[PDB]
Amino acid sequence: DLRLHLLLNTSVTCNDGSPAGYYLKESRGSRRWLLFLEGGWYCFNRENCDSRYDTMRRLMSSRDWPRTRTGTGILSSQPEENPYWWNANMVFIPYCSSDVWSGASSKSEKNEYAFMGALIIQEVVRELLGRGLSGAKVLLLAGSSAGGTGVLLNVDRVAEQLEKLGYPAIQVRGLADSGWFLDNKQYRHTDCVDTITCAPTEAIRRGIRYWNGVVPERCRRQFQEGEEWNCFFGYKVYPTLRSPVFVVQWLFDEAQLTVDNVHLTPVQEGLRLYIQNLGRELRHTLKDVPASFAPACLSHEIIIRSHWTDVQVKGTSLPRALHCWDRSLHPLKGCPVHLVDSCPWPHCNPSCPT
Ligand SMILES: CC1CCN(Cc2c[nH]c3ccccc23)CC1
Ligand SMILES: CC1CCN(Cc2c[nH]c3ccccc23)CC1
Ligand SMILES: *[C@@H]1O[C@H](CO)[C@@H](O)[C@H](O)[C@H]1NC(C)=O
């Protein structure tokens, strides 16, 4: 049950200029630290950010944040719920920048909102070092959905940040949940004229300009000016990262089907082959990712659900795979790290959530 701390450096703000922050449950008998990045879409122009402020203000402001918040799934401190890291120091960073954790722009004359996702992370790490992070041995940067993509964009900074601050011995790692998207062909098409018709490739390219967005340097050097949107897609940015990153991704992610303009509520040849192709292509992008967990389910997010221990791939649950990943960073008999389903339809894995 984690306690809120608003950032001491008041220049690092949410969208509306209110200070950003983090929730902390500290565990003095542990040198392990878990920093979780919240998700929740994004906004890429004035009009859609304005609408988001009326109906999703908690994702744009700290004004109405509660003082405590309860830890779930991987953020739980009970072994029964969290077999993986129940005794670790727990940190939940709320997503109030609407920029996929990439922005570095302040509010001012010329900017109605601030987009400081990359700087919010950066400062949480700084202030945590004065609360015990200085004695850590592993820092696991995790996140779900837009926070999952934020892990891929930010994990190597946090590594580079801690070396420049004199902490080269802390091992920085990443855990990206449901943030591994494909810029594939859509099932039905629309031109980018408003929020709901703009495909993520077009929406992200406009967002980076609007946010002053920042991407990892090696990926930036590959795709070069004005093609930085490529680095928000996992299979393109992952090969540029030096930190160890574990990738969790449903094969038939609900958010991926949404941006592909697919709805499930009588499926035919047209759509059957489309859905089957989607599972095939994302399985392909994971073939050479040594640490991964990809079940054949229709869902979205998992690592902070309380029942995250129920899903299995080839008999191995997600908390076990993460524990096997820790062992491999010291192949392991009966303790695998690469777990990708091979059956081709949603919920062909019986452990899929209902
Ligand atoms: C201190 C908080 C931030 C400001 N206020 C609303 C507000 C004033 N100006 C704005 C510009 C952009 C977005 C929101 C606002 C709510 C509480
Ligand atoms: C709660 C869900 C979180 C993920 N978001 C989609 C998304 C976030 N960042 C992206 C970058 C590229 C393509 C899609 C996305 C959907 C809402
Ligand atoms: C506060 O944060 C801003 C934004 O990153 C940074 O430029 C500034 O140096 C910080 N100030 C202090 C005292 O850490």
# chains A, B, ... in the order shown; residues from 1 in each chain; ligands from 1
$ residues_near_ligand --ligand "ligand 3" --cutoff "8 Å" --atoms "only C-alpha atoms and all ligand atoms" --output "list in words"
residues 9, 10, 11, 12, 119, 120, 122 and 123 of chain A
$ write_last_selection --atoms "C-alpha atoms" --output "compact mmCIF listing (two decimals), in the first residue's frame"
# COMPACT_ATOMS: atom_id res chain seq x y z
CA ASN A 9 11.61 19.90 -8.24
CA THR A 10 8.42 21.78 -9.13
CA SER A 11 9.51 22.49 -12.73
CA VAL A 12 8.81 18.85 -13.68
CA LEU A 119 12.06 14.13 -17.65
CA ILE A 120 9.53 12.87 -15.06
CA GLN A 122 14.47 11.11 -14.88
CA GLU A 123 13.87 13.03 -11.67
$ residues_near_ligand --ligand "ligand 2" --cutoff "8 Å" --atoms "only C-alpha atoms and all ligand atoms" --output "tab-separated table (two decimals) with N, CA and C atoms, in the first residue's frame"
chain	number	residue	atom	x	y	z
A	39	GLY	N	0.12	3.24	-17.90
A	39	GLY	CA	-0.28	3.48	-19.26
A	39	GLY	C	-1.56	4.29	-19.37
A	40	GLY	N	-2.03	4.44	-20.62
A	40	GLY	CA	-3.28	5.12	-20.87
A	40	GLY	C	-3.36	6.02	-22.10
A	41	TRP	N	-3.15	5.48	-23.29
A	41	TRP	CA	-3.26	6.21	-24.57
A	41	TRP	C	-2.29	7.40	-24.55
A	42	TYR	N	-2.67	8.46	-25.25
A	42	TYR	CA	-1.89	9.68	-25.39
A	42	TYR	C	-2.77	10.69	-26.11
A	100	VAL	N	3.46	9.07	-24.09
A	100	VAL	CA	4.08	7.75	-24.21
A	100	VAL	C	5.44	7.83	-23.51
A	144	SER	N	3.15	-0.94	-18.33
A	144	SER	CA	2.10	-1.59	-19.08
A	144	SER	C	1.56	-0.64	-20.14
A	145	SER	N	1.34	-1.17	-21.33
A	145	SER	CA	0.62	-0.45	-22.38
A	145	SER	C	1.50	0.71	-22.84
A	146	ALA	N	1.02	1.94	-22.82
A	146	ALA	CA	1.87	3.09	-23.13
A	146	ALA	C	3.08	3.16	-22.20
A	147	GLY	N	2.94	2.68	-20.96
A	147	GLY	CA	4.09	2.55	-20.10
A	147	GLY	C	5.03	1.44	-20.53
A	148	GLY	N	4.48	0.41	-21.18
A	148	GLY	CA	5.33	-0.63	-21.74
A	148	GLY	C	6.22	-0.10	-22.85
A	149	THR	N	5.64	0.70	-23.75
A	149	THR	CA	6.45	1.38	-24.76
A	149	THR	C	7.41	2.37	-24.12
A	150	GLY	N	7.01	2.98	-23.00
A	150	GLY	CA	7.90	3.89	-22.30
A	150	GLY	C	9.15	3.21	-21.77
A	178	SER	N	2.69	-5.33	-22.85
A	178	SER	CA	1.65	-4.87	-23.78
A	178	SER	C	2.02	-3.56	-24.47
A	179	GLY	N	3.31	-3.36	-24.76
A	179	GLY	CA	3.75	-2.17	-25.46
A	179	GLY	C	4.51	-2.47	-26.74
A	181	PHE	N	3.94	-3.07	-30.34
A	181	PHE	CA	2.95	-2.89	-31.40
A	181	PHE	C	3.56	-3.07	-32.78
A	182	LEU	N	2.69	-3.37	-33.74
A	182	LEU	CA	3.06	-3.53	-35.14
A	182	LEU	C	2.45	-2.40	-35.96
A	183	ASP	N	3.27	-1.78	-36.82
A	183	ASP	CA	2.75	-0.83	-37.80
A	183	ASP	C	2.33	-1.57	-39.07
A	200	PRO	N	-1.77	5.06	-35.78
A	200	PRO	CA	-0.66	5.38	-34.87
A	200	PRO	C	0.61	5.89	-35.53
A	201	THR	N	0.98	5.41	-36.72
A	201	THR	CA	2.18	5.95	-37.38
A	201	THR	C	2.04	7.45	-37.62
A	204	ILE	N	1.70	9.34	-34.08
A	204	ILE	CA	2.96	9.45	-33.35
A	204	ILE	C	3.89	10.47	-34.00
A	232	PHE	N	9.14	4.12	-31.82
A	232	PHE	CA	8.12	3.75	-30.84
A	232	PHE	C	7.60	2.34	-31.04
A	233	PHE	N	8.07	1.62	-32.06
A	233	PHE	CA	7.58	0.28	-32.36
A	233	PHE	C	8.64	-0.73	-31.95
A	255	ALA	N	-5.64	-3.68	-27.84
A	255	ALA	CA	-5.29	-2.34	-28.31
A	255	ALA	C	-4.74	-2.38	-29.73
A	256	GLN	N	-4.02	-3.45	-30.09
A	256	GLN	CA	-3.55	-3.59	-31.47
A	256	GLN	C	-4.72	-3.79	-32.43
A	259	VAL	N	-6.50	-0.33	-33.00
A	259	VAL	CA	-5.86	0.55	-33.97
A	259	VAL	C	-5.88	-0.04	-35.37
A	300	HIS	N	-5.43	-7.36	-22.80
A	300	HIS	CA	-4.59	-6.17	-22.75
A	300	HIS	C	-4.12	-5.97	-21.31
A	301	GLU	N	-2.80	-5.84	-21.13
A	301	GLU	CA	-2.15	-5.66	-19.83
A	301	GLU	C	-2.22	-6.91	-18.97
$ closest_residue --among "A:329, A:196, A:60, A:6" --to "ligand 1" --atoms "only C-alpha atoms and all ligand atoms"
A:60
$ closest_residue --among "A:74, A:38, A:4, A:51" --to "residue A:305" --atoms "only C-alpha atoms"
A:74
$ residues_near_ligand --ligand "ligand 1" --cutoff "12 Å" --atoms "only C-alpha atoms and all ligand atoms" --output "ChimeraX atom specification"
/A:10,13-20,46-47,49-54,57-65,96-97,106-115
$ write_last_selection --atoms "N, CA and C atoms" --output "mmCIF file, in the first residue's frame"
data_model
loop_
_atom_site.group_PDB
_atom_site.id
_atom_site.type_symbol
_atom_site.label_atom_id
_atom_site.label_comp_id
_atom_site.auth_asym_id
_atom_site.auth_seq_id
_atom_site.Cartn_x
_atom_site.Cartn_y
_atom_site.Cartn_z
ATOM 1 N N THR A 10 9.750 21.409 -8.665
ATOM 2 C CA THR A 10 8.420 21.777 -9.133
ATOM 3 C C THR A 10 8.367 22.122 -10.616
ATOM 4 N N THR A 13 6.473 18.763 -14.342
ATOM 5 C CA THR A 13 5.042 18.847 -14.093
ATOM 6 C C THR A 13 4.265 17.861 -14.956
ATOM 7 N N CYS A 14 3.011 17.649 -14.566
ATOM 8 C CA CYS A 14 2.033 16.973 -15.408
ATOM 9 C C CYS A 14 1.618 17.913 -16.541
ATOM 10 N N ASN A 15 0.602 17.506 -17.309
ATOM 11 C CA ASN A 15 0.199 18.279 -18.482
ATOM 12 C C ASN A 15 -0.223 19.695 -18.110
ATOM 13 N N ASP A 16 -0.925 19.854 -16.993
ATOM 14 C CA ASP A 16 -1.504 21.140 -16.633
ATOM 15 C C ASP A 16 -0.597 21.988 -15.746
ATOM 16 N N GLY A 17 0.657 21.587 -15.554
ATOM 17 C CA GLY A 17 1.574 22.345 -14.733
ATOM 18 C C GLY A 17 1.582 21.973 -13.267
ATOM 19 N N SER A 18 0.663 21.118 -12.825
ATOM 20 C CA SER A 18 0.732 20.593 -11.473
ATOM 21 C C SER A 18 1.930 19.653 -11.350
ATOM 22 N N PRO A 19 2.521 19.540 -10.160
ATOM 23 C CA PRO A 19 3.738 18.731 -10.026
ATOM 24 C C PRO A 19 3.461 17.247 -10.224
ATOM 25 N N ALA A 20 4.420 16.565 -10.845
ATOM 26 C CA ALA A 20 4.369 15.118 -10.984
ATOM 27 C C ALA A 20 4.810 14.460 -9.677
ATOM 28 N N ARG A 46 -4.077 19.892 -29.693
ATOM 29 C CA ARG A 46 -4.772 20.688 -28.680
ATOM 30 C C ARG A 46 -6.176 20.157 -28.426
ATOM 31 N N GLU A 47 -6.937 19.932 -29.496
ATOM 32 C CA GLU A 47 -8.325 19.506 -29.362
ATOM 33 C C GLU A 47 -8.458 18.187 -28.601
ATOM 34 N N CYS A 49 -6.230 16.766 -26.574
ATOM 35 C CA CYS A 49 -5.752 16.952 -25.204
ATOM 36 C C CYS A 49 -6.783 17.692 -24.358
ATOM 37 N N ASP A 50 -7.481 18.661 -24.952
ATOM 38 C CA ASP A 50 -8.536 19.366 -24.233
ATOM 39 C C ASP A 50 -9.648 18.415 -23.809
ATOM 40 N N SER A 51 -10.085 17.537 -24.714
ATOM 41 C CA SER A 51 -11.122 16.576 -24.354
ATOM 42 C C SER A 51 -10.631 15.601 -23.290
ATOM 43 N N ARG A 52 -9.357 15.206 -23.361
ATOM 44 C CA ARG A 52 -8.787 14.313 -22.358
ATOM 45 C C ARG A 52 -8.774 14.959 -20.976
ATOM 46 N N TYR A 53 -8.598 16.282 -20.908
ATOM 47 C CA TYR A 53 -8.578 16.965 -19.617
ATOM 48 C C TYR A 53 -9.948 16.968 -18.939
ATOM 49 N N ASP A 54 -11.040 16.834 -19.700
ATOM 50 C CA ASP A 54 -12.387 16.856 -19.131
ATOM 51 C C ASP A 54 -12.837 15.497 -18.618
ATOM 52 N N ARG A 57 -8.784 13.425 -16.451
ATOM 53 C CA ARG A 57 -7.917 14.432 -15.837
ATOM 54 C C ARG A 57 -6.815 13.812 -14.988
ATOM 55 N N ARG A 58 -7.073 12.660 -14.364
ATOM 56 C CA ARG A 58 -6.043 12.009 -13.558
ATOM 57 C C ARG A 58 -4.825 11.625 -14.388
ATOM 58 N N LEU A 59 -4.995 11.455 -15.700
ATOM 59 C CA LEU A 59 -3.906 11.183 -16.626
ATOM 60 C C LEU A 59 -3.309 12.468 -17.195
ATOM 61 N N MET A 60 -3.620 13.608 -16.584
ATOM 62 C CA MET A 60 -3.130 14.906 -17.031
ATOM 63 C C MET A 60 -2.821 15.841 -15.869
ATOM 64 N N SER A 61 -3.070 15.435 -14.624
ATOM 65 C CA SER A 61 -2.955 16.321 -13.471
ATOM 66 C C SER A 61 -2.787 15.497 -12.201
ATOM 67 N N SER A 62 -2.132 16.103 -11.209
ATOM 68 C CA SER A 62 -2.001 15.528 -9.871
ATOM 69 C C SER A 62 -2.968 16.153 -8.871
ATOM 70 N N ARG A 63 -3.632 17.272 -9.241
ATOM 71 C CA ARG A 63 -4.746 17.796 -8.440
ATOM 72 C C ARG A 63 -5.597 16.812 -7.650
ATOM 73 N N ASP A 64 -6.085 15.754 -8.273
ATOM 74 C CA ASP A 64 -7.028 14.909 -7.520
ATOM 75 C C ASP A 64 -6.457 13.523 -7.171
ATOM 76 N N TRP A 65 -5.135 13.410 -7.089
ATOM 77 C CA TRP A 65 -4.503 12.132 -6.787
ATOM 78 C C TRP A 65 -4.741 11.749 -5.328
ATOM 79 N N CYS A 96 0.916 11.116 -16.244
ATOM 80 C CA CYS A 96 0.178 12.370 -16.361
ATOM 81 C C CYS A 96 0.785 13.284 -17.421
ATOM 82 N N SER A 97 1.471 12.712 -18.414
ATOM 83 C CA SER A 97 2.105 13.500 -19.462
ATOM 84 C C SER A 97 1.576 13.222 -20.865
ATOM 85 N N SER A 106 8.095 22.138 -21.726
ATOM 86 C CA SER A 106 7.378 22.782 -20.637
ATOM 87 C C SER A 106 6.184 23.582 -21.157
ATOM 88 N N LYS A 107 5.248 23.852 -20.249
ATOM 89 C CA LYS A 107 4.154 24.777 -20.507
ATOM 90 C C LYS A 107 4.653 26.217 -20.417
ATOM 91 N N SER A 108 4.034 27.100 -21.212
ATOM 92 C CA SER A 108 4.532 28.458 -21.427
ATOM 93 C C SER A 108 3.658 29.258 -22.400
ATOM 94 N N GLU A 109 4.163 30.396 -22.917
ATOM 95 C CA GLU A 109 3.401 31.214 -23.874
ATOM 96 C C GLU A 109 2.844 30.390 -25.022
ATOM 97 N N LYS A 110 3.669 29.508 -25.558
ATOM 98 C CA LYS A 110 3.485 28.858 -26.843
ATOM 99 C C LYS A 110 3.030 27.420 -26.703
ATOM 100 N N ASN A 111 2.943 26.916 -25.476
ATOM 101 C CA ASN A 111 2.509 25.555 -25.198
ATOM 102 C C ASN A 111 1.418 25.622 -24.143
ATOM 103 N N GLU A 112 0.205 25.215 -24.518
ATOM 104 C CA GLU A 112 -0.890 25.165 -23.555
ATOM 105 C C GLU A 112 -0.643 24.105 -22.487
ATOM 106 N N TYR A 113 -0.066 22.969 -22.870
ATOM 107 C CA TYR A 113 0.225 21.885 -21.944
ATOM 108 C C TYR A 113 1.716 21.577 -21.935
ATOM 109 N N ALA A 114 2.154 20.945 -20.851
ATOM 110 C CA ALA A 114 3.515 20.446 -20.725
ATOM 111 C C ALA A 114 3.542 18.951 -21.013
ATOM 112 N N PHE A 115 4.605 18.502 -21.677
ATOM 113 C CA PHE A 115 4.798 17.093 -22.019
ATOM 114 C C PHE A 115 6.207 16.724 -21.569
#
$ atom_distance --atom1 "atom CA of residue A:268" --atom2 "atom CA of residue A:188"
14.9 Å
$ select_by_dssp --residues "stretch 108-268 of chain A" --states "strand (DSSP E)" --output "list in words"
residues 138, 139, 140, 141, 142, 143, 144, 171, 172, 173, 174, 175, 176, 177, 245, 246, 247, 248, 252 and 253 of chain A
$ write_last_selection --atoms "N, CA, C and O atoms" --output "compact mmCIF listing (two decimals), in the first residue's frame"
# COMPACT_ATOMS: atom_id res chain seq x y z
N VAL A 138 19.75 -4.09 -8.26
CA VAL A 138 19.00 -4.22 -9.51
C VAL A 138 17.88 -3.19 -9.50
O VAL A 138 17.15 -3.06 -8.51
N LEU A 139 17.74 -2.45 -10.60
CA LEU A 139 16.60 -1.56 -10.84
C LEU A 139 15.84 -2.09 -12.05
O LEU A 139 16.37 -2.08 -13.17
N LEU A 140 14.61 -2.55 -11.83
CA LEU A 140 13.77 -3.07 -12.90
C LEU A 140 12.75 -2.00 -13.29
O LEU A 140 11.85 -1.69 -12.50
N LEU A 141 12.89 -1.45 -14.49
CA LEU A 141 11.95 -0.48 -15.03
C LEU A 141 10.87 -1.23 -15.80
O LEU A 141 11.14 -1.80 -16.86
N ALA A 142 9.65 -1.22 -15.27
CA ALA A 142 8.53 -1.94 -15.87
C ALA A 142 7.41 -0.96 -16.22
O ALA A 142 7.41 0.20 -15.80
N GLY A 143 6.45 -1.45 -17.00
CA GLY A 143 5.34 -0.62 -17.41
C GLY A 143 4.39 -1.41 -18.29
O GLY A 143 4.76 -2.41 -18.91
N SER A 144 3.15 -0.94 -18.33
CA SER A 144 2.10 -1.59 -19.08
C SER A 144 1.56 -0.64 -20.14
O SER A 144 1.36 0.54 -19.88
N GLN A 171 22.40 -2.65 -11.60
CA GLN A 171 22.01 -3.29 -12.85
C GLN A 171 20.62 -2.81 -13.25
O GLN A 171 19.64 -3.09 -12.55
N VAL A 172 20.54 -2.09 -14.36
CA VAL A 172 19.27 -1.58 -14.87
C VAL A 172 18.72 -2.57 -15.88
O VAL A 172 19.43 -3.02 -16.78
N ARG A 173 17.44 -2.92 -15.72
CA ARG A 173 16.76 -3.86 -16.61
C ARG A 173 15.37 -3.31 -16.93
O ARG A 173 14.90 -2.34 -16.32
N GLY A 174 14.71 -3.93 -17.90
CA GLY A 174 13.42 -3.47 -18.36
C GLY A 174 12.43 -4.61 -18.52
O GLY A 174 12.79 -5.74 -18.85
N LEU A 175 11.15 -4.28 -18.28
CA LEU A 175 10.05 -5.24 -18.42
C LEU A 175 8.89 -4.52 -19.11
O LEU A 175 8.19 -3.72 -18.48
N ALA A 176 8.69 -4.81 -20.39
CA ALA A 176 7.72 -4.11 -21.22
C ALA A 176 6.48 -4.99 -21.41
O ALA A 176 6.54 -6.03 -22.07
N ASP A 177 5.36 -4.55 -20.84
CA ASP A 177 4.10 -5.29 -20.87
C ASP A 177 3.14 -4.59 -21.83
O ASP A 177 2.81 -3.42 -21.64
N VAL A 245 16.07 -6.55 -21.60
CA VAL A 245 14.65 -6.23 -21.62
C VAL A 245 13.84 -7.50 -21.82
O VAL A 245 14.10 -8.26 -22.76
N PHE A 246 12.87 -7.73 -20.94
CA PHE A 246 11.93 -8.84 -21.02
C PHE A 246 10.63 -8.32 -21.62
O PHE A 246 10.11 -7.29 -21.17
N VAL A 247 10.09 -9.03 -22.61
CA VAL A 247 8.97 -8.55 -23.41
C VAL A 247 7.75 -9.44 -23.16
O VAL A 247 7.78 -10.64 -23.45
N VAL A 248 6.68 -8.84 -22.65
CA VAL A 248 5.40 -9.52 -22.44
C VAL A 248 4.39 -8.93 -23.41
O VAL A 248 4.20 -7.71 -23.45
N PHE A 252 -2.77 -11.50 -29.58
CA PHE A 252 -3.93 -10.83 -30.16
C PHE A 252 -4.35 -9.70 -29.23
O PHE A 252 -5.43 -9.72 -28.63
N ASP A 253 -3.48 -8.70 -29.10
CA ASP A 253 -3.69 -7.61 -28.16
C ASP A 253 -4.90 -6.77 -28.56
O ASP A 253 -5.06 -6.40 -29.72
$ closest_residue --among "A:207, A:117, A:353, A:315" --to "residue A:341" --atoms "only C-alpha atoms"
A:315
$ residues_around --residues "residue A:135" --least-positions-apart "2" --cutoff "10 Å" --atoms "only C-alpha atoms" --output "MDAnalysis selection string"
chainID A and resid 30:32 129:133 137:138 167 169:170
$ residues_around --residues "residue A:124" --least-positions-apart "6" --cutoff "8 Å" --atoms "only C-alpha atoms" --output "PyMOL selection string"
chain A and resi 7+21-22
$ write_last_selection --atoms "N, CA and C atoms" --output "PDB file, in the first residue's frame"
ATOM      1  N   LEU A   7       6.923  15.570  -6.484  1.00  0.00           N
ATOM      2  CA  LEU A   7       8.316  15.884  -6.784  1.00  0.00           C
ATOM      3  C   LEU A   7       8.738  17.202  -6.149  1.00  0.00           C
ATOM      4  N   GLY A  21       4.810  13.134  -9.653  1.00  0.00           N
ATOM      5  CA  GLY A  21       5.174  12.435  -8.438  1.00  0.00           C
ATOM      6  C   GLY A  21       5.284  10.938  -8.630  1.00  0.00           C
ATOM      7  N   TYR A  22       5.262  10.226  -7.503  1.00  0.00           N
ATOM      8  CA  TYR A  22       5.416   8.778  -7.481  1.00  0.00           C
ATOM      9  C   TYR A  22       4.885   8.244  -6.156  1.00  0.00           C
TER      10      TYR A  22
END
$ residues_around --residues "residue A:154" --least-positions-apart "5" --cutoff "8 Å" --atoms "only C-alpha atoms" --output "list in words"
residues 101, 102, 118, 215 and 216 of chain A
$ residues_around --residues "residue A:273" --least-positions-apart "6" --cutoff "12 Å" --atoms "only C-alpha atoms" --output "number ranges by chain"
A: 187, 267, 279-280, 344-345
$ write_last_selection --atoms "N, CA, C and O atoms" --output "tab-separated table (two decimals), in the first residue's frame"
chain	number	residue	atom	x	y	z
A	187	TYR	N	-7.21	-3.46	-41.06
A	187	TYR	CA	-8.31	-4.22	-41.63
A	187	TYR	C	-9.27	-3.31	-42.39
A	187	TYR	O	-9.81	-3.69	-43.43
A	267	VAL	N	-17.47	-14.67	-37.67
A	267	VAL	CA	-16.21	-14.32	-38.32
A	267	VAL	C	-16.05	-15.12	-39.60
A	267	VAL	O	-16.34	-16.33	-39.64
A	279	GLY	N	-1.32	-12.79	-35.52
A	279	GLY	CA	-0.60	-13.66	-34.60
A	279	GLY	C	0.70	-14.17	-35.19
A	279	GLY	O	1.71	-14.28	-34.49
A	280	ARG	N	0.69	-14.48	-36.49
A	280	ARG	CA	1.90	-14.97	-37.15
A	280	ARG	C	2.99	-13.90	-37.18
A	280	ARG	O	4.16	-14.18	-36.90
A	344	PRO	N	-2.97	-20.76	-33.39
A	344	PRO	CA	-3.22	-19.56	-34.21
A	344	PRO	C	-4.55	-18.84	-34.01
A	344	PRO	O	-4.92	-18.04	-34.88
A	345	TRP	N	-5.28	-19.06	-32.92
A	345	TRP	CA	-6.55	-18.36	-32.73
A	345	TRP	C	-6.68	-17.89	-31.29
A	345	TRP	O	-6.18	-18.56	-30.37
